[PDB]
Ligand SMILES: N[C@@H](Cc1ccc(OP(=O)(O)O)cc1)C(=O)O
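Shown here is one chain on its own, the form deposited without the ligand, set out as structure tokens.
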């Protein structure tokens, strides 16, 4: 219920560590996690594995903005009341991302 209970929530890990976890060649395309942003205080980052036509296995990082008035978004036109809801939504369809979210990042 709290974000801290969610298996895809890794909290305060670095961008480099997110890539280490996500770049496993075993992870399906759209393997993901959510971490605290290291660039924007109080924001989150959605880190997603991908297979790029030119660069092969790569990780894409999307900034999730947090509103003081409540709510989260990658883009202000598609807002959610929780990170849980945002994850559910992007798990259904890419809607802009490199791929829909498919697999919770296996751990380390």
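Numbering follows the first chain given and starts at 1.
The following text describes the form deposited with the ligand bound, which does not appear among the structures shown.
**Student:** When the site C-alphas are superposed and the ligand is set in place as seen in the deposited bound form, is this chain open or blocked (3 or more ligand atoms within 2.4 angstroms of backbone or C-beta)?
**Tutor:** After C-alpha superposition the pocket is open.
**Student:** Would residue 69 sit within 4.5 Å of the ligand in the deposited bound form, counting heavy atoms only?
**Tutor:** Flag for residue 69 set to no.
**Student:** In the deposited bound form, is there a heavy atom of the ligand that lies within 4.5 Å of any heavy atom of residue 83, even though the partner is absent here?
**Tutor:** Judged by the heavy-atom cut-off of 4.5 Å, residue 83 is well away from the ligand in the deposited bound form.
**Student:** Please tell me whether any heavy atom belonging to residue 15 falls inside 4.5 Å of a heavy atom of the ligand, as the geometry stands in the deposited bound form.
**Tutor:** So residue 15 counts as contacting the ligand.
**Student:** Does the 4.5 Å heavy atom contact test between residue 63 and the ligand in the deposited bound form come out positive?
**Tutor:** Residue-level check for residue 63: yes, a contact with the ligand.
**Student:** Looking at the ligand in the deposited bound form, which residues in 8-45 have at least one heavy atom within 4.5 Å of it?
**Tutor:** Residues within 4.5 Å: 15, 35, 36, 37, 38, 39, 45.
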